[PDB]
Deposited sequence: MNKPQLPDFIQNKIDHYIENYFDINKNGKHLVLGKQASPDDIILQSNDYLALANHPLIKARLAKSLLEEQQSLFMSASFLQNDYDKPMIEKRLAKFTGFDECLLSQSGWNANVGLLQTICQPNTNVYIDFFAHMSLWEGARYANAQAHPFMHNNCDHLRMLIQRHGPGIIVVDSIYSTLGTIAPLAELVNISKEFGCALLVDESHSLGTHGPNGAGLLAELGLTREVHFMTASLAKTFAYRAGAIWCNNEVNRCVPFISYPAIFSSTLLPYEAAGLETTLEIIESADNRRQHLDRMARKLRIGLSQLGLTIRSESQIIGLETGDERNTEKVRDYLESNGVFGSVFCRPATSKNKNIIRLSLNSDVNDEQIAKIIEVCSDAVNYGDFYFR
């Protein structure tokens, strides 16, 4: 069944502009296959728990032996939710099938058509789309720029301020204390996506809001559980009654199948391990700082203040060359391009984890040092 022109034309154009132009004829994100022991810095499994014996054992144990809307009775709602709410310090926690669904569902629940959503330019796409599905009025503010935000809120009125605590591509940290004050001053609600700080930051890994003592003045916190928690799920935390309504309003919550009951059990063991992982956190924080200092001195713009390090590689042609150079020299990050970034502001993201070595860190710096001197490409 040949495709009709209206689809074929679109697919043809796409393949030509997104696959064919690259030297390997594949999408820009697709590079060389890695070998042992190349340095792989692509996983969001920050505390390296993917293969943890206890988590795996607990999961299998539980798995041996419909919509979640129908499971909102007290006796149907999972114990992990209460533990996660306690862990973080928020009043209530609601599980979701992914961080994406957590954001989209929360925003569908608290937004009306035309609701003002003040969203950081670099906040996760799931937050942008969540607002758009709700037909909210999106007001993008320049990255971490509170002056710009103040102007927008002054102009458009009360609404929801939406940020990542730690940004997924750049590794920058939101000015959370100032955001809290801005929301108080302007009568806004604050939504913080802690996908990249939950587990890696704060007391026992409770996160950035916890570390800063801001938990009790933030209305909503969300997180993918597919980062430090190493599980395909998400969660919504509320310091209010909103989680009572989400399960019956959010489309992903209504129209998409729920997490199975054994999945919640695996999360309980993961939480316990995370709570105790002080040394892994410490080691990761140290290694990330060593990397940031090492790369910055090379003249690369390194905006990161976290375990996420963004190499700024400009346009797609330049980006292909950079990542080809890195991979050829045993360093494997993740290419972030359109539609995640502007077509001319690509990022090669280095995601550090607690298994990374001092020797590996020095090696990354060495490779990037050579890269800067090579003359085949540039960094921004």
Deposited sequence positions missing from the model - stretches, numbered from 1, in order: 1-3, 69-74
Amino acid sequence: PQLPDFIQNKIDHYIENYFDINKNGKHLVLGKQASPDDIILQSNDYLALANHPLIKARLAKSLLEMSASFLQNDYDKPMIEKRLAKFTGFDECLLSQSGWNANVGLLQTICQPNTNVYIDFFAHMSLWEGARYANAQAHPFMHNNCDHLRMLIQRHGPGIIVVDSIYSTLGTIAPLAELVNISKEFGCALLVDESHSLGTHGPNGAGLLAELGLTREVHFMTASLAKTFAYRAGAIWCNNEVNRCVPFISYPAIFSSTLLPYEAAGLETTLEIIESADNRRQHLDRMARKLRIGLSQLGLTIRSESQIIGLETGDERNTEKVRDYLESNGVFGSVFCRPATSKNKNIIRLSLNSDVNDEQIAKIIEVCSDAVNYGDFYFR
From here on, numbers count along this sequence of modelled residues.
Mean C-alpha temperature factor, higher of 274-282 and 220-228: 274-282
Stretch with the greater mean C-alpha B-factor as recorded in the entry, comparing 105-113 against 77-85: 77-85
Member of 132, 292, 184, 124 with the greatest C-alpha B factor (per the PDB record): 184
Most elevated Cα B-factor in the entry, residues 195, 250, 240, 306: 240
Chain-relative CA temperature factor third for residue 163: lowest
Relative C-alpha B-factor of residue 95, binned into the chain's lowest, middle or highest third: lowest
Third assignment of residue 69 from its chain's C-alpha B-factors: highest
Residue 58 - which third its CA temperature factor falls in, relative to the rest of the chain: highest
Lowest, middle or highest third - CA B-factor, residue 297: highest
